[PDB]
Every structure is written in C-alpha cells, then in structure tokens.
Amino acid sequence: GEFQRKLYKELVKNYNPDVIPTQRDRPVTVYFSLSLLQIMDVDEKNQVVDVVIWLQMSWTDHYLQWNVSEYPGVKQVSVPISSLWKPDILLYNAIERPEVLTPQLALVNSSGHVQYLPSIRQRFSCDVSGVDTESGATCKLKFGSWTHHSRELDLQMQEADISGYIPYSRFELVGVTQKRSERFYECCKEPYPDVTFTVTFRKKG
Amino acid sequence: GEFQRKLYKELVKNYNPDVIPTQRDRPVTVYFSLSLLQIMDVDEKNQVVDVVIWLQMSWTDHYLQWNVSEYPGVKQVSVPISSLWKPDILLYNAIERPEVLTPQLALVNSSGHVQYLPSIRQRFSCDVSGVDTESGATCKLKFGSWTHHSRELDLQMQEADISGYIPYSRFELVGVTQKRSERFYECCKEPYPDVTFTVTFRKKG
Amino acid sequence: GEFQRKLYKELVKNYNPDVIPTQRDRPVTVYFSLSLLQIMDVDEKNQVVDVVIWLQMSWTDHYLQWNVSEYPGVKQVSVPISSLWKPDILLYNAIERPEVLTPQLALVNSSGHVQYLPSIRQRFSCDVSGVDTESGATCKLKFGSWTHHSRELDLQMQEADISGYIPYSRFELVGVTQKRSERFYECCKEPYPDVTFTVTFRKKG
Amino acid sequence: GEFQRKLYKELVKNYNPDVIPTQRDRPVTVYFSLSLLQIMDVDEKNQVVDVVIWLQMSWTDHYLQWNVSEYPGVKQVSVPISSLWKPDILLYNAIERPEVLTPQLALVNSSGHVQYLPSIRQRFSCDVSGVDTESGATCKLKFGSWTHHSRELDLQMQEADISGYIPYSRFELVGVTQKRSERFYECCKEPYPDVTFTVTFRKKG
Amino acid sequence: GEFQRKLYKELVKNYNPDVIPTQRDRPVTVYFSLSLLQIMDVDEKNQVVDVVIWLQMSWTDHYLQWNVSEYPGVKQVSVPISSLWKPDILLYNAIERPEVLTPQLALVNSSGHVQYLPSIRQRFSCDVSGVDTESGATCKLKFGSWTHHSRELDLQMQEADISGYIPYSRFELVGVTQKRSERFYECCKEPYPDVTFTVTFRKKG
Ligand SMILES: *[C@@H]1O[C@H](CO)[C@@H](O[C@@H]2O[C@H](CO)[C@@H](O[C@@H]3O[C@H](CO)[C@@H](O)[C@H](O[C@H]4O[C@H](CO)[C@@H](O)[C@H](O)[C@@H]4O)[C@@H]3O)[C@H](O)[C@H]2NC(C)=O)[C@H](O)[C@H]1NC(C)=O
Ligand SMILES: *[C@@H]1O[C@H](CO)[C@@H](O[C@@H]2O[C@H](CO)[C@@H](O)[C@H](O)[C@H]2NC(C)=O)[C@H](O)[C@H]1NC(C)=O
Ligand SMILES: *[C@@H]1O[C@H](CO)[C@@H](O[C@@H]2O[C@H](CO)[C@@H](O)[C@H](O)[C@H]2NC(C)=O)[C@H](O)[C@H]1NC(C)=O
Ligand SMILES: *[C@@H]1O[C@H](CO)[C@@H](O[C@@H]2O[C@H](CO)[C@@H](O)[C@H](O)[C@H]2NC(C)=O)[C@H](O)[C@H]1NC(C)=O
Ligand SMILES: *[C@@H]1O[C@H](CO)[C@@H](O[C@@H]2O[C@H](CO)[C@@H](O)[C@H](O)[C@H]2NC(C)=O)[C@H](O)[C@H]1NC(C)=O
Ligand SMILES: CN1[C@@H](CC(=O)c2ccccc2)CCC[C@H]1C[C@H](O)c1ccccc1
Ligand SMILES: CN1[C@@H](CC(=O)c2ccccc2)CCC[C@H]1C[C@H](O)c1ccccc1
Ligand SMILES: CN1[C@@H](CC(=O)c2ccccc2)CCC[C@H]1C[C@H](O)c1ccccc1
Ligand SMILES: CN1[C@@H](CC(=O)c2ccccc2)CCC[C@H]1C[C@H](O)c1ccccc1
Ligand SMILES: CN1[C@@H](CC(=O)c2ccccc2)CCC[C@H]1C[C@H](O)c1ccccc1
C-alpha cells in the first residue's frame, strides 16, 4: 500500500546499518535460541558434524519505531536484513561458512522490535568418537558476538526446541541442554557473553 | 522501441521492490503451481532427493499498469525480476539453496499482471526408504511465504502438470497430488497459508 | 584514444539495457550458431552429458550506431555485455547453470551491429544408453528466447562447425545436424522460435 | 547512539581505503601473528595441507582518530573492513583462495589503532612425505605484503600461540617456530619483509 | 600520505576502465610472460592438467602519468586492477574459469607504466596419454586477447622462468619452449597475435 511505501522511505532516511543501536550507554538486548532440525551426516575420520539449525534472534532498534495512527493499518513490515543493523553472531566451532536456506528478510513491528530467523546448513568440529555407542557423542555449539562486549550487546537466552527434529535420519537425539556464560579474554577490558548448546546424539542400531 | 523505453522509465519511478503491493487492506493474490521435470538422483543413506522443478507464479501489481493509448503497440514487457516485488516463497523441506536455471525475467501486461516462471535445480529432505519397492517412496514438498500472512499474501493453487516429466530417468512417477492449507502458528496473530505437493515415485526394474 | 572515450560516454547516455531494441513493430533478428569444442564426460547412471560449446550470436541494435566522420578512426569498440541489451537465450535441456569461460565483452561496429561469442562449460540431460555401441547416443540441444516471441525476436540459424572438436577425448563425433522451428505453446498467443542441434556420438572403446 | 552515528559519518568523509596511510617517511607498522587452531587433512599424493588458522593483525591509521570529548562515551567502534585500508598480506604457499569464517569487521579506538582478526580455512603446498614417522613433516608458511616495500609497510612479528590447537584431530603438533626476514628481489630497488611460521606435525599412532 | 591521496583523486577523474588506452592509431604494447610454479594433478581419463601459473603482464597507460615535482616523494602507487583498463587475455585451452590467488592490485609508476602479476590456479585440456613414459606428455598453453587485434593491442613476449617450479611434486619438467605468432581468424579483417607456451613433463619413477 501507499502507507507502507511512505513508511519504508522514512525508516531508511538517516539510518546507518553499521552502527549498533545503543542508547545512552544502555546495551542492545538480543534474545537468541536454536532449533536443531536435522543431523545430515557425521564424518568420523575428520571429526565433523553436518547439521541444519534454525536460529531465532530478536532485539529492539529504537530508530525503527513509528506512530501507528500516522500509518493506519501498518502493524509490521517485511524488510531485507541488509538494510538493518544485525547481530554479528558467530558459531565458534565452525570450519566452513554457513549456507543460508531462508529468504534474508526480517519482521519489524511499530515499537521497533525486530525478528530475524535464519535457517542454516552448517558443518562444524566435534569429537564424534562415541557416536556409535549407547551413550553417544556430545558436541558443544558455542555462539557469541564477534566485536561487541556485554555493555554494548547483552546476549540473552531462550528455550531450545527439539519438536522440529526430523524422525527419519540415521541419528537419534539423546539430549539437548543450554547455558549462558560470560568471560574475560586477554585482549580486552570488557567481558564477552555467549550462549552454548550441548547436543548428545547417536547412530541408530 | 521509443515507447517501451519511456514506459520502463515511468514504471521504476517511485517504485520500491521491497514493499508488497497491497491496496487498502486487500491482499495480493498469488497463483502457484509446479511441474516436476526430472528426478536426478536419490541418496538412500542421507535421505535426500535431487529434482528439477518448474515453478509457475502469477499475481497483479497495481503500480505496474499503464494506459494502452499512451504507449501504442506496447501490450506487455520483459523486466528483470530484481526490479519488481516478488513473492518470498520457500520450500520448507530444502537442505541447500536453489540453483535457478532460467533467465531471471518476468512478463508484465498493461493491467499490471505479472508472470514469473523460474525452473530450479533443488535438493531436499525426504524418507526414501521404500523407493525400491512396488508402492514406492512418497515425499511432501511444502511451499509458502516466509514473511507474509494471509491478509497480505493470499496464496492460491493451480493444476499440477506431469506432462513434462522426462521418460528416460532411472525413476518413474507413480503419482502427484496437491492441497492448499491454512494454519495459525504459536508465534503470530495472523494465519499462514501453504501449498503442498505430494510426489510418489520408485526405481525402475 | 580521445574519440573512443567520447563515444563510450554517448553510447551509454539514455540507454536502457533491459529494453529489446525493436523499431516500429519490426523484430530484432538474432543470428545463432554453435561450435562443439569438447565432450568432457558422459554419466551413464544419471543421464548427463558434459560439454564445452562456443555459442556465436549477432544482432543489430539501432541505438548503438554512430557517424564515422564525427569519430574519425573509430570503426568498432569493445564493450562489456552487461552495459548492452542481450538475447535471453536458454538451453532447454540444461540441469545446471552455465560456466562462462571467456571475457564478458562484445564487439560493436559503427552501424550498431553487435557480436557476442561466449564459450561455455555446460552439463545437460540426455539419454546416453547406446553411447557404447556402433550407432551411438543421439542428443538434442534446444536453444530459444525465454521471454520474447517471433514478432519481437526473430531467431535465425547459421552453419554449425565441427572443425574445433578436440581429437584426443574418449568420445568421437558420428554426426551433427540442425533445424530451426516455430511452435505455439499453451501459455501464449504468439509463437516462439527455436534452434535445435542434434549431436550423435560414441565411445572410442 | 547519536554520537556513534555522527562519528561514522565523519570517519568516511574524505577517506580513500585504497591509499596506505603513510606520512612523510614514516612507514605503517603492522603487527602480525598466527594461532594454529586445527589441521583438518593432509593429502600425501598431491602434497597439500588443510588448516584453520586465526590471523591477528593490527596497525595505526592516523585518518581514523577522533577527539574523545567531541564524542563522549565513544571509546571504540566496530567497522566493516571493506571501508578501511587493510594490509595486502598473502600466504605465498597457498594453492586456493582462503575461506573467511569470521564476520569481516575490525575494531578501531580513538587514536586510530585498528585490530582485524580473521579466522581462515586454507589449503597450501608442502612436502608431507615424513608425516607418518617419529620426526614428522615440517612445513613453512610464508606471509608478506604483495605490493608494499619495507619503507611503506613495516611488517613486525608477535608471539605465536599453540593453546587453541584442537586436541581430538588425527594429527599432533610437534612444534611451531617463527622468524621475521627481509630480502631484496630482482624486480625492485627496495627490500620486502616477511614473517614465516614453521610447523612440525605428525599422524597419531 | 597527502600527496598520494591527491594523486589517486586525479588519476580516476575522467577515466573509463572499459577503453583501451591507444593514442592516435598507435597500439598499446603488452609484455607477457609465464612462470610455471606447480603441476598439482593430471587426470588421465578426462585429459585435464591442473596447474598453478604466475602470469606477468605490463604496459603503458598514458592517462596514468604524473609530474614528479607536483607529487614529491611519490614514485609509484598500488591501485586495484578493477579501476584500470587491463588486457582481456584468455587461455584458449581452459575448461574452467581461473581462481586468482593474489590480491587484485597493480603497481603504476610516474610515466604511466603498469605492472599486474596475478598468480592463478587453472585446469585445462591436454592429451596426457604419454605422461607415464620417458619422453612424457607435451601440452600447449595458448594466450591471447579476446577482443583486440594487432593494431590495437601489440602482444609481445618475454623470457619464461622455471626457477620457481616446486621440486617436491610427483611430476618433473622435461622441456619448455615459447613462441609468439600472428594469424587471421574467420571472424575478422585484422590479424590477432598470441603467445604459446609448450610444456613437456612426466611422472616421476
Ligand atoms: C557492421 O557489421 C555488419 C555485419 O556484418 C554489416 O552488415 C552487413 O552490411 C552489408 C552492407 O555492406 C549488407 O550487405 C548487403 O545486403 C543486401 C542484401 O541483404 C544487398 O543489397 C547488398 O548486395 C549488393 O547489392 C547491390 C546491387 O544493387 C550492389 O551495389 C552491391 O554489390 C551490394 O553490396 C549487400 O550484400 C549485409 O547484409 C549486412 N548484414 C547484416 C546482418 O545486416 C555492416 O555493414 C557493418 N557496418 C559497417 C559500417 O562496416
Ligand atoms: C512488538 O513486539 C514485541 C516483542 O514481541 C512486543 O513486546 C512484548 O510484548 C509481550 C506481550 O505479552 C510482553 O510479554 C513482552 O514483555 C514484550 N517483549 C519485550 C522484549 O519487551 C511488543 O508489544 C510489540 N509492540 C507492538 C506495538 O505491537
Ligand atoms: C493481463 O493478464 C491477465 C491474466 O492473464 C488477464 O486477465 C485474465 O483474462 C482471462 C482471459 O481473458 C479471464 O478469464 C480472467 O478473468 C483474467 N484473470 C485474472 C487473474 O484476472 C488480463 O486480461 C490481461 N490484461 C490485458 C489488458 O490484456
Ligand atoms: C588504542 O590502542 C592502542 C593499542 O592497544 C594503544 O596503544 C598501546 O597502549 C599501551 C597501554 O595500554 C602501551 O603500552 C603501548 O605502548 C601502546 N601500543 C602501541 C602499538 O602504540 C592506544 O593507547 C589506544 N588508544 C587509546 C586512546 O586508548
Ligand atoms: C616506469 O617503468 C618503466 C618500466 O620499468 C621504465 O622504463 C624502462 O626503463 C628501463 C631501465 O632504464 C629501460 O631500459 C627501458 O627503456 C624501459 N622499459 C620499457 C618497457 O619501457 C620507466 O623508466 C619508469 N619511469 C620512471 C619515470 O621511472
Ligand atoms: C515460524 N514461521 C513463521 C515465523 C515468521 O513468520 C518469521 C519471523 C521472523 C522472520 C521471518 C519470518 C512464519 C512462517 C511460518 C513459520 C515457519 C515454520 O515454523 C518453520 C520454522 C523453521 C524452519 C522451517 C519452518
Ligand atoms: C576475543 N576474541 C575472540 C577470541 C576467541 O575466543 C576465539 C576466536 C576465534 C577462534 C577461537 C577463539 C572472542 C571474542 C572477542 C574476540 C576479539 C574481538 O571480537 C575482536 C574482533 C575483531 C577484531 C578485533 C577484536
Ligand atoms: C516458457 N514458455 C513460454 C512462457 C514465457 O514466455 C514466459 C512467461 C513469463 C516469464 C517467463 C517466460 C516462453 C517460451 C518458452 C516456454 C517454456 C517451455 O514451456 C518450458 C519451460 C521450462 C521447461 C520446459 C519447457
Ligand atoms: C612480486 N612480488 C613482489 C611484488 C611486486 O613486485 C609486484 C606485485 C604486483 C604488481 C606489480 C609488482 C613482492 C616480492 C615478491 C614478488 C614475487 C614473489 O616472489 C612471488 C612468489 C610466489 C608467487 C608469486 C610471486
Ligand atoms: C575470438 N576470435 C577472435 C576475436 C573476435 O573476432 C571476437 C571476439 C569476441 C567478440 C567478438 C568478436 C580472436 C580471438 C580468438 C578468435 C576465436 C578463436 O578461434 C577461438 C578458438 C577456440 C575457442 C573459441 C575461439
């Protein structure tokens, strides 16, 4: 519609997607969770697991809010993620780049809350030497911001999901746990948070 | 011609391809169908099917209409899809990104009706454990919009085609059925439609 | 030179590469031919042939002509194909995208005649059962425009070449024929032309 | 914040990322180090090693400094590396391009000191003929600027790290040493520095 | 420095990288040579050789010259090749696109002489049927401009080098010759030069 077209024009004006949208030394809170959809393969020689994981991220960007009565009918909009600031979140265990399977779009509502929910095909490093035993292999998937400390980007955790796991693969899911942490690194004065998912699985008999 | 060159210049003016062309809370109807052209391979270990499928989409964009007597001779135009809004339709079963085999162009007529008909090479997840039996393996291919609900994008179905199936592959087509659906999801207020194709096939001999 | 630099500046001015350069309801004639340079491989299980083919296309674009005495010395220019309109010609049998081996440049002379001669590495679908016999496998390579009918784009044929075929591959060339055709499709009012190359070949063992 | 947004706008103004930020017979000093995170594979037939290495680079760019009291609260910023000048450092032994695993971002503080710390997946040439012996295979990894001599770009060395080496691969790390050098080449009047890492490793069992 | 920043700004002004820098019907002379650095593999079934080759090209572009006393201290500059005109030189035997291993930068001195020295990973077609014999397989590598004839681009030859050949591969170098030539092709009125390298090699006992 015409109201949407006018809204998109205003949202991009004076907006720099390279600048994290903090406000007066108050961090941007980013909620992060993961749904393991499939274990595609396990390479026992090279110590590699191949997965499809659906990442779910959300945060508030105060530059993206609008008055609902100025734009009647427009409750939320669909925007390419390249036009917004997004978290620079990395899988620390990754040995190749991710392949993104979903359209690179985010949903933004009228108070500036953004949802970006990419599904990714990803290969990563793990010791899979007990994968073909009763107590299987257990792998850690550590996620965190690459360039923003706790006072800039407050990474927070949400409930993990196993309901979407594909039943017909040759691996079964024994368990999934999760834990937020915070550490000081040698480089830097400020601490950096992370969210780590621990996945235990094994080959089907 | 000169009239075409002037028309393209007007069509792009004040046009944002990121904004779905709804008008006064009336959704954009999108007709969707599929023609299975080939089954290239079946990976029985990893539970993957490799296909070429020809997707057929059409819809009306009211911003792309023109007066026929202002542009005499110009009944329709060939336009790169990147310059238009297009449906953000996703194959939910996909485990890699699609490879598009056709030129990325759409046809638009004078009342703003768009046709975009991409042929794609695609690999996806399915239980193929009865592929080498009499009754065969049966796979679901679920398609739907990633960011637009029913009141924005009204996805509608059309008749599937088996006539283009390649006769000389090592798999034969036992059947194809189709079904539109509509559900409420936990996330969201508004319902989401989808179009699902069920394909049954088996190995020859 | 200085005259060339001035000419390139004028050629791009008021030029839209998305608009086919028809003139007063007279189609653009496009001459098309093919030289088979190599048969790299044949996949008997999956019914795929791997080739290098040199495509040769030429046409007249009336917007690219210049007065020879305004630009003395300048008989023809070398221009990136991305800055011109080009035919949207497709190999209908293709199962992957082409890999272009040559620089993406075209030659344009002073009366606007364009030559664009890409060499491509291409895999396509064919029944190759019979490849290891005396009479060999016979494959059709069908080429045509994706979005332009006969009254917009008049596809014409030229003499096929076998002189560039590499003698040291493990496949030998039994024969090559070619045929222009024109058909009505279900979609459309206007007929669409094509040029099809029929290649018969066999294993040397 | 608002001060950050204003700062980014000023940093890009009159800034050319193609120009090395020397001033008047001072070179740009670039500190370089490496942390070997994993040996993924060794191809004994083709003489190739496959690694993940974390490169650590830092330098001062005097065009990126700002007055701290003009931008209160803003001590450092996160910037895409493509918008800055960066060292043109090359692995001389490389037989494919690198695959970058981390976000392409750098940290810049108020006096213009830049940190850029890419983790890369890289394959390179080495004689691995004693890899399955007690004393192991020993490989040289030579790094240096491609276009800048010593008086433009002063490459300096820092302490190598083995603490991040993954314990569960099928190769073990016998040792890592490092050495800065400087040589005259036939081409050029000015000498060129390099930093070379020598890595000795062997197969387990 | 400040003089460099001013120089880069002037060099790009009124510069079109698509226009070969001839001057009053006098061709651009391009010196071309090759250093074979490695033979990575030989595929005997498909008739393919896999190499790393270091190409060395240089030429004069009269638009890139500057007065040395206007820019004191600035003898040469490091510039991205994408901002300059470069030779459109092709390996005629290539069956895949090249992978460029070096930074895409060129050196330009004050009288406008450009040096561009890309190292490339390349696969090409050759009859390797005597590779495992005493006299070896002999392959021709033919290089030439794709769109410029002799009167536009004067391709000249320089001394080949085998000093960079890697000693630890499983193939050894029997012989290398080189030869400049000039031929008429069917397309065109004007003759086209080429530089061909003949490499004889064999498997090690
Ligand atoms: C740019 O390149 C193009 C492509 O090659 C080139 O187009 C060709 O131009 C020539 C004109 O010189 C065309 O040849 C003519 O074609 C028609 C028949 O189709 C004939 O009338 C001409 O024959 C002769 O007729 C006269 C008898 O009354 C004689 O006086 C004399 O012998 C004529 O030559 C002649 O064959 C040719 O058809 C086109 N081709 C295409 C595809 O358009 C163009 O000329 C080039 N431009 C420049 C400035 O170099
Ligand atoms: C925009 O979306 C956000 C996030 O969904 C909404 O804020 C949440 O609203 C729920 C209502 O049950 C609260 O329980 C949460 O505390 C809110 N979340 C956060 C992170 O603050 C918000 O209401 C939406 N705004 C509008 C105007 O629709
Ligand atoms: C533009 O294309 C549309 C879609 O083909 C045309 O509208 C259809 O015309 C058919 C056949 O005459 C009718 O039966 C349908 O009612 C129409 N379908 C839809 C989805 O609207 C339309 O006529 C074309 N416009 C012009 C100006 O020719
Ligand atoms: C910007 O960062 C650089 C690098 O960390 C700082 O320079 C170093 O400061 C330490 C003290 O923390 C000194 O011991 C070193 O001598 C400095 N190193 C170099 C290479 O200069 C610099 O002080 C920082 N600037 C600000 C304003 O904080
Ligand atoms: C820019 O570089 C070119 C090429 O290196 C220089 O010209 C060469 O100089 C050598 C050495 O004296 C001469 O023998 C040759 O006549 C030149 N070679 C070519 C291919 O032209 C040139 O002098 C340099 N310009 C400046 C100002 O230093
Ligand atoms: C959850 N998702 C909805 C979420 C949403 O609208 C959304 C939010 C944010 C950005 C983009 C889209 C929209 C579409 C329906 C549903 C999709 C299905 O659950 C799903 C999730 C993960 C993998 C495959 C399928
Ligand atoms: C510290 N370092 C990471 C260190 C780590 O544990 C790590 C990284 C990669 C592989 C293995 C371990 C943790 C997060 C902070 C980061 C440093 C900062 O983000 C940074 C990024 C880019 C340029 C300069 C500085
Ligand atoms: C596609 N169709 C016509 C439809 C059209 O013009 C068109 C309309 C809209 C967008 C793009 C092309 C064009 C001419 C070719 C024909 C294609 C053939 O049916 C086909 C397509 C794909 C696989 C097998 C067969
Ligand atoms: C060429 N290069 C110099 C840079 C330079 O002169 C140059 C670079 C690019 C363009 C013009 C000139 C720096 C010193 C090393 C030298 C070449 C090295 O031995 C090399 C090693 C392995 C593969 C390729 C090249
Ligand atoms: C290309 N053609 C000439 C150039 C030209 O007229 C031309 C080039 C590009 C566009 C338009 C015209 C000279 C350059 C090579 C020659 C063709 C060679 O036999 C060839 C051999 C093998 C595969 C492909 C091509």
# chains A, B, ... in the order shown; residues from 1 in each chain; ligands from 1
>>> select_by_dssp(residues="chain C", states="alpha helix (DSSP H)", output="VMD selection string")
chain C and resid 2 to 12
>>> write_last_selection(atoms="N, CA and C atoms", output="PDB file, in the first residue's frame")
ATOM      1  N   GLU C   2      41.033   9.633 -27.477  1.00  0.00           N
ATOM      2  CA  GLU C   2      40.062  10.641 -27.029  1.00  0.00           C
ATOM      3  C   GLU C   2      38.703  10.495 -27.696  1.00  0.00           C
ATOM      4  N   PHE C   3      38.699  10.133 -28.977  1.00  0.00           N
ATOM      5  CA  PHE C   3      37.448   9.921 -29.692  1.00  0.00           C
ATOM      6  C   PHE C   3      36.699   8.702 -29.150  1.00  0.00           C
ATOM      7  N   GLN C   4      37.423   7.625 -28.822  1.00  0.00           N
ATOM      8  CA  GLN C   4      36.801   6.449 -28.199  1.00  0.00           C
ATOM      9  C   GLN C   4      36.157   6.815 -26.860  1.00  0.00           C
ATOM     10  N   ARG C   5      36.884   7.540 -26.022  1.00  0.00           N
ATOM     11  CA  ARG C   5      36.371   7.905 -24.703  1.00  0.00           C
ATOM     12  C   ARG C   5      35.089   8.727 -24.796  1.00  0.00           C
ATOM     13  N   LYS C   6      35.027   9.626 -25.774  1.00  0.00           N
ATOM     14  CA  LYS C   6      33.821  10.427 -26.005  1.00  0.00           C
ATOM     15  C   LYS C   6      32.661   9.572 -26.539  1.00  0.00           C
ATOM     16  N   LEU C   7      32.975   8.623 -27.420  1.00  0.00           N
ATOM     17  CA  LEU C   7      31.971   7.712 -27.979  1.00  0.00           C
ATOM     18  C   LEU C   7      31.316   6.831 -26.906  1.00  0.00           C
ATOM     19  N   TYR C   8      32.114   6.233 -26.012  1.00  0.00           N
ATOM     20  CA  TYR C   8      31.571   5.384 -24.926  1.00  0.00           C
ATOM     21  C   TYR C   8      30.619   6.184 -24.048  1.00  0.00           C
ATOM     22  N   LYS C   9      30.975   7.438 -23.774  1.00  0.00           N
ATOM     23  CA  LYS C   9      30.130   8.321 -22.966  1.00  0.00           C
ATOM     24  C   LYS C   9      28.760   8.573 -23.616  1.00  0.00           C
ATOM     25  N   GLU C  10      28.737   8.731 -24.938  1.00  0.00           N
ATOM     26  CA  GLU C  10      27.480   8.945 -25.676  1.00  0.00           C
ATOM     27  C   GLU C  10      26.641   7.678 -25.829  1.00  0.00           C
ATOM     28  N   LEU C  11      27.282   6.532 -26.070  1.00  0.00           N
ATOM     29  CA  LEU C  11      26.577   5.252 -26.207  1.00  0.00           C
ATOM     30  C   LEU C  11      25.750   4.861 -24.977  1.00  0.00           C
ATOM     31  N   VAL C  12      26.266   5.131 -23.770  1.00  0.00           N
ATOM     32  CA  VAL C  12      25.537   4.782 -22.526  1.00  0.00           C
ATOM     33  C   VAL C  12      24.436   5.788 -22.153  1.00  0.00           C
TER      34      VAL C  12
END
>>> residues_around(residues="residue 34 (chain E)", least_positions_apart="5", cutoff="7 Å", atoms="only C-alpha atoms", output="count of residues only")
6
>>> residues_near_ligand(ligand="ligand 5", cutoff="9 Å", atoms="only C-alpha atoms and all ligand atoms", output="PyMOL selection string")
(chain D and resi 187) or (chain E and resi 29+31+58-60+65+68+75-76+108-115)
>>> select_by_dssp(residues="chain D", states="strand (DSSP E)", output="PyMOL selection string")
chain D and resi 28-43+48-60+76-80+89-91+99-100+105-109+113-116+119-125+137-145+153-157+171-183+192-203
>>> atom_distance(atom1="CA of residue 147 (chain E)", atom2="atom 1 (C, counted along the ligand's line) of ligand 9")
27.9 Å
>>> decode(residues="region 90-117 of chain E", atoms="N, CA, C and O atoms", output="compact mmCIF listing (two decimals), in the first residue's frame")
# COMPACT_ATOMS: atom_id res chain seq x y z
N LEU E 90 43.16 -14.34 -22.55
CA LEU E 90 42.47 -15.60 -22.30
C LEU E 90 43.41 -16.79 -22.55
O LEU E 90 44.19 -16.76 -23.49
N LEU E 91 43.32 -17.82 -21.71
CA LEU E 91 43.91 -19.12 -22.01
C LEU E 91 42.92 -19.90 -22.86
O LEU E 91 41.86 -20.29 -22.38
N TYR E 92 43.27 -20.13 -24.13
CA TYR E 92 42.37 -20.79 -25.10
C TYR E 92 42.04 -22.25 -24.76
O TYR E 92 40.99 -22.76 -25.12
N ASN E 93 42.94 -22.91 -24.02
CA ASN E 93 42.80 -24.33 -23.64
C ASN E 93 41.97 -24.57 -22.37
O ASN E 93 41.73 -25.73 -21.99
N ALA E 94 41.53 -23.49 -21.70
CA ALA E 94 40.88 -23.60 -20.39
C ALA E 94 39.48 -24.22 -20.46
O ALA E 94 38.69 -23.91 -21.36
N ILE E 95 39.21 -25.10 -19.50
CA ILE E 95 37.91 -25.77 -19.38
C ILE E 95 37.13 -25.37 -18.12
O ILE E 95 36.01 -25.82 -17.92
N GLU E 96 37.75 -24.57 -17.25
CA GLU E 96 37.09 -23.92 -16.11
C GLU E 96 37.63 -22.50 -16.03
O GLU E 96 38.66 -22.17 -16.63
N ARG E 97 36.96 -21.67 -15.25
CA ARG E 97 37.43 -20.31 -15.00
C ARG E 97 38.66 -20.37 -14.10
O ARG E 97 38.84 -21.34 -13.36
N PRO E 98 39.52 -19.34 -14.15
CA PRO E 98 40.66 -19.31 -13.24
C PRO E 98 40.25 -18.97 -11.80
O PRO E 98 39.23 -18.32 -11.60
N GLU E 99 41.01 -19.43 -10.82
CA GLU E 99 40.92 -18.95 -9.45
C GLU E 99 42.16 -18.09 -9.19
O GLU E 99 43.28 -18.60 -9.20
N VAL E 100 41.97 -16.79 -8.94
CA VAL E 100 43.08 -15.87 -8.69
C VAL E 100 43.52 -15.96 -7.22
O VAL E 100 42.70 -15.78 -6.34
N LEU E 101 44.81 -16.22 -6.98
CA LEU E 101 45.34 -16.46 -5.63
C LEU E 101 45.95 -15.22 -4.95
O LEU E 101 46.14 -15.20 -3.74
N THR E 102 46.26 -14.19 -5.74
CA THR E 102 46.93 -13.00 -5.24
C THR E 102 45.95 -11.83 -5.11
O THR E 102 44.91 -11.83 -5.75
N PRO E 103 46.29 -10.83 -4.28
CA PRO E 103 45.47 -9.61 -4.22
C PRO E 103 45.36 -8.94 -5.59
O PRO E 103 46.37 -8.87 -6.31
N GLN E 104 44.17 -8.46 -5.93
CA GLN E 104 43.91 -7.90 -7.26
C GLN E 104 44.34 -6.42 -7.35
O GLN E 104 43.51 -5.51 -7.54
N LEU E 105 45.65 -6.22 -7.25
CA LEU E 105 46.28 -4.91 -7.22
C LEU E 105 47.35 -4.82 -8.31
O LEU E 105 47.95 -5.83 -8.68
N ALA E 106 47.59 -3.61 -8.81
CA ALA E 106 48.65 -3.34 -9.78
C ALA E 106 49.55 -2.20 -9.28
O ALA E 106 49.09 -1.34 -8.53
N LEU E 107 50.81 -2.19 -9.73
CA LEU E 107 51.73 -1.08 -9.49
C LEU E 107 51.80 -0.17 -10.71
O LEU E 107 51.93 -0.66 -11.82
N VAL E 108 51.72 1.14 -10.48
CA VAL E 108 51.80 2.16 -11.53
C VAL E 108 52.89 3.18 -11.16
O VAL E 108 52.83 3.74 -10.07
N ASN E 109 53.87 3.40 -12.05
CA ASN E 109 54.91 4.43 -11.82
C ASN E 109 54.55 5.75 -12.53
O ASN E 109 53.50 5.84 -13.19
N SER E 110 55.42 6.76 -12.38
CA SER E 110 55.06 8.14 -12.73
C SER E 110 54.90 8.43 -14.23
O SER E 110 54.25 9.40 -14.59
N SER E 111 55.50 7.60 -15.08
CA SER E 111 55.33 7.72 -16.54
C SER E 111 54.21 6.80 -17.09
O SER E 111 54.08 6.63 -18.30
N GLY E 112 53.40 6.23 -16.18
CA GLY E 112 52.20 5.50 -16.56
C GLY E 112 52.42 4.04 -16.88
O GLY E 112 51.55 3.42 -17.50
N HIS E 113 53.56 3.46 -16.49
CA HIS E 113 53.80 2.05 -16.74
C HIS E 113 53.15 1.23 -15.63
O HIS E 113 53.41 1.44 -14.44
N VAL E 114 52.30 0.28 -16.04
CA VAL E 114 51.51 -0.56 -15.14
C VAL E 114 52.11 -1.98 -15.09
O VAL E 114 52.49 -2.51 -16.12
N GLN E 115 52.19 -2.56 -13.89
CA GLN E 115 52.53 -3.96 -13.71
C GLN E 115 51.44 -4.69 -12.94
O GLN E 115 51.05 -4.28 -11.85
N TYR E 116 50.97 -5.79 -13.53
CA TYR E 116 49.91 -6.61 -12.95
C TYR E 116 50.35 -8.07 -13.09
O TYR E 116 50.51 -8.56 -14.21
N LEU E 117 50.52 -8.75 -11.96
CA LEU E 117 51.21 -10.04 -11.90
C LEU E 117 50.40 -11.13 -11.16
O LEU E 117 50.85 -11.67 -10.16
